[PDB]
């Protein structure tokens, strides 16, 4: 009865065959159309994975902010393979168990946190990819969020910024997850504000690990930053 299925979240739709051909023979693929409505796509994603019995093959052709949202409501009852499009075709992320991602670490090999102590709003920046975002996020926060002296957590990577292989993505996601729990020891935050310069698979896996435990807001860059998912919306998806 239980049988593997593909779920493809895409800003387009026409290109789904590339994903399908990468999967085992006779794997059905359910397409979720992302049209610039984050909460609707997350809702449809939840609806789809809720009723799936079996291993889920995921791919997401779309923003990392959406990937993070989908991760947050994914939960920990289902297994998945994450497929990523690179230098030719789709390749599976080394199959990462959900419980494995939430493992807390004492030693980090890749992530480098820079914590700036402030108030109860924490601005989280995953500064992992080619495009440098720190000053852009701070300018946006200062001009648009109307917060008093927010705390900042900028996370950069040692060595691999802008060139993260598939094979390191589970490790980077695990390390990020562990840091996001560590930071809560500094103080009790009211709210986490998430900004990404980050591969989609990592964003998804970090969302899976972090979950919907804290008040959070997810932000997307499209010429400027805007909030695209809130804790309230994500809670109401279930």
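Positions refer to the first chain, counted from 1.
Peer 1: Identify the stretch, either 207-215 or 194-202, whose C-alpha atoms have the larger mean B-factor according to the entry.
Peer 2: Mean CA B-factor is higher for 207-215.
Peer 1: Taking the recorded C-alpha temperature factors, which stretch has the higher mean, 224-232 or 10-18?
Peer 2: It is 10-18 that shows the higher mean C-alpha B-factor.
Peer 1: Could you tell me which one of 91, 146, 130, 134 shows the highest CA temperature factor in the PDB record?
Peer 2: The record points to 91.
Peer 1: From the list 87, 161, 151, 109, select the residue with the highest C-alpha B factor recorded in the entry.
Peer 2: 87 has the highest C-alpha B-factor of those listed.
Peer 1: Sorting by Cα B-factor within the chain, modelled residues only, which third would residue 140 end up in: lowest, middle or highest?
Peer 2: Answer is lowest: the recorded C-alpha B-factor places it there.
Peer 1: Could you place residue 54 in the lowest, middle or highest third of its chain by Cα temperature factor, using the values in the record?
Peer 2: Its C-alpha B-factor belongs to the highest third of this chain's values.
Peer 1: Looking at the C-alpha B-factor of residue 95, is it in the lowest, middle or highest third of its chain?
Peer 2: Ranked within chain, residue 95 CA B lands in the highest tercile.
Peer 1: Residue 113: which third of its chain by C-alpha temperature factor?
Peer 2: Within its chain, residue 113 is a middle-third residue by C-alpha B-factor, going by the deposited values.
Peer 1: For the chain shown, is the CA B-factor of residue 75 in the lowest, middle or highest third of its modelled residues?
Peer 2: Highest third.
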